[PDB]
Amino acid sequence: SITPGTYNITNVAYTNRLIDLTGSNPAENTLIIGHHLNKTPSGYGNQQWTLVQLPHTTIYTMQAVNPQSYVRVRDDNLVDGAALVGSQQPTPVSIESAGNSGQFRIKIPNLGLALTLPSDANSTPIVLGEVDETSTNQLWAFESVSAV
């Protein structure tokens, strides 16, 4: 399982893309997108995500460092194609190991849906897609944000 802590999160199909909250904006319904790294070595606070775990399970919340918005599915509408956005309230996610070491799926608990990135263009929105075991557009890797 991924240990609790603060991370950058990169896509496996598109290795030059991080999970990013548009414009560092705290408003409801601000889009979550794929984007190039925006500061060396670990980004500004809109590309750093704090993971909190329910012990002895694979269930987590995800919250940005600055501003302090959670990851949520828009309008709590748990269907194929729905948008990911920033909000004052989270959607709980299940972070599940895949076939290769160090690759994870970010899944909706108990439903056949997962976070996916459909293109390499900068600022493409992240959306839900059907589970597909080997599709690298819905697999992700974690890099720690290390402080002193």
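Numbering starts at 1 and follows the sequence shown.
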Quiz item: Comparing 27-35 with 98-106, where is the mean C-alpha B-factor higher?
Solution: 98-106
Practice problem: Quick one: say whether 58-66 or 37-45 has the higher mean Cα B-factor in the deposited entry. | Solution: 37-45
Quiz item: Is the Cα B-factor recorded for residue 20 in the lowest, middle or highest third of its chain?
Solution: lowest
Exercise. Going by the recorded CA B-factors, say which third of the chain residue 121 sits in, lowest, middle or highest.
Key: highest
Self-check item: Relative C-alpha B-factor of residue 79, binned into the chain's lowest, middle or highest third
Solution: highest
Practice problem: Sort the modelled residues of this chain by their C-alpha B factor and say whether residue 112 lands in the lowest, middle or highest third. | Solution: highest
Practice problem: For residue 10, return the chain-relative third of its C-alpha B-factor as stated in the PDB record: lowest, middle or highest. | Solution: lowest
